[PDB]
Amino acid sequence: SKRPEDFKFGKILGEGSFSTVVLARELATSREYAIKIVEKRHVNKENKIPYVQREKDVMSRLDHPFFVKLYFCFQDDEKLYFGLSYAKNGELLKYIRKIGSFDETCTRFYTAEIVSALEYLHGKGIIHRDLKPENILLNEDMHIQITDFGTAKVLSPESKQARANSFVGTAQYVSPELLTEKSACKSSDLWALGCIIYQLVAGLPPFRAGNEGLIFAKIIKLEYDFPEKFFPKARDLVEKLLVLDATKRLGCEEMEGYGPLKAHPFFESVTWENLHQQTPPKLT
Ligand SMILES: Nc1ncnc2c1ncn2[C@@H]1O[C@H](COP(=O)(O)OP(=O)(O)OP(=O)(O)O)[C@@H](O)[C@H]1O
């Protein structure tokens, strides 16, 4: 229903091999959107149509403050256009790099937002499979906006599906079960969460190397260490997430879900109910 001429495009916000995200203003309303533009020729010439379809279908299911929102879709002869919420403050990763690591209050706040987001996503039967700081954006108010759903999976409720078979992810955050059993589950995202918490505190993710195979070897052996100063209750939480057996990670269905995870001592001072309306702590 909307058309390209309905917008004025400004700066490019990001580029992929077959997508470009542009900041746009809608003329009839003056609203700002990040519009993801997919060139049909390239996605066709690379057989990536399924990735585009997956991102659309998954995002259309999401209606929660901690996720990028898909507002509209349209196309023309050359391009698909997806109108998304604009996360003005960019990637969480940028802040980890700039400040080196997060203090305890900021680690707690942003970890709690990620946990709240995963609770919602997993409650909808969706696995992200590529959770990482690059994919956790920050809005103008400094709340999280999780993105990148082309490699997410909607588990079928009709078959009570628990495992997903596509090999997707990012080496530093990929779960041991995907490497060894060749499938992922919702608890695979809790493994990524453990890696992210570790990275917020220590400044680097826990399994790291200059070659992906080396990372895989350490993941499957649970070969990592904590720096000498690491907030102790955060270390305990990481140790309860970075567990090789995906049925034994705090937050997973076999461990009775998000209640016990939200009850962890690292979160004692968190008020879970209105996180998105709280003022985030300043990052410095
Ligand atoms: N909703 C948004 N608000 C602000 N910036 C965004 C938004 N969505 C994406 N970007 C920026 O655009 C860039 C590309 O995102 P896009 O979804 O086009 O591809 P990608 O998934 O990052 O690339 P690839 O598919 O190759 O992994 C990212 O660097 C991201 O920071």
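All residue numbers given for chain A refer to Swiss-Prot; the residues shown span 76-359 in order.
Per deposition record, X-ray crystallography, 1.4 Å.
Backbone N, Cα and C define each Cβ position, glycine as well.
According to Swiss-Prot:
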type     : residues                                                : note
BINDING  : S92, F93, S94, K111, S160, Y161, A162, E166, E209, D223 : ATP binding site
ACT_SITE : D205                                                    : active site, proton acceptor
MOD_RES  : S241                                                    : phosphoserine
MOD_RES  : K304                                                    : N6-acetyllysine
MOD_RES  : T354                                                    : phosphothreonine
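Note: the CA-CA distance between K304 (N6-acetyllysine) and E209 (ATP binding site) rounds to 25 Å.
Screening the recorded positions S94, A162, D205, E209, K304, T354 for a C-beta under 6 A from any atom of ligand 1 leaves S94, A162.
Of all the recorded positions listed (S92, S94, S241, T354), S94 sits in the most crowded Cβ setting, with the most other Cβ atoms within 10 Å. Note: the Cα of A162 (ATP binding site) and the Cα of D205 (active site, proton acceptor) are spaced 18 Å from each other.
For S160 (ATP binding site), the same-chain residues lying six or more positions away in sequence with a CB closer than 8 A to its CB are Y108, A109, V143, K144, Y146, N214, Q220. The secondary structure of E209 (ATP binding site), as reduced to three states from DSSP, is helical. Put simply, the two farthest-apart Cα atoms among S92, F93, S94, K111, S160, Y161, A162, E166, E209, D223, the recorded binders of ATP, are 21 Å from each other.
Here the residue listed as 'phosphoserine' is compared against the recorded positions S92, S94, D205, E209, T354, and the shortest C-alpha distance is to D205. Shown in sequence order, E166, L167, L168, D223 are the residues of the chain, 6+ apart in sequence, with a C-beta less than 8 angstroms from the C-beta of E209 (ATP binding site). Less than 8 angstroms from the CB of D205 (active site, proton acceptor) sit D223, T226, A227, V243, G244, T245, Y248, each of them six or more residues away in the same chain. Separation of the C-alpha atoms of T354 (phosphothreonine) and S94 (ATP binding site): 33 Å, rounded to the nearest whole number. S94 (ATP binding site) falls within a strand when secondary structure is assigned with DSSP. Its Cβ placed at the centre, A162 (ATP binding site) has 20 other Cβ atoms within 10 Å.
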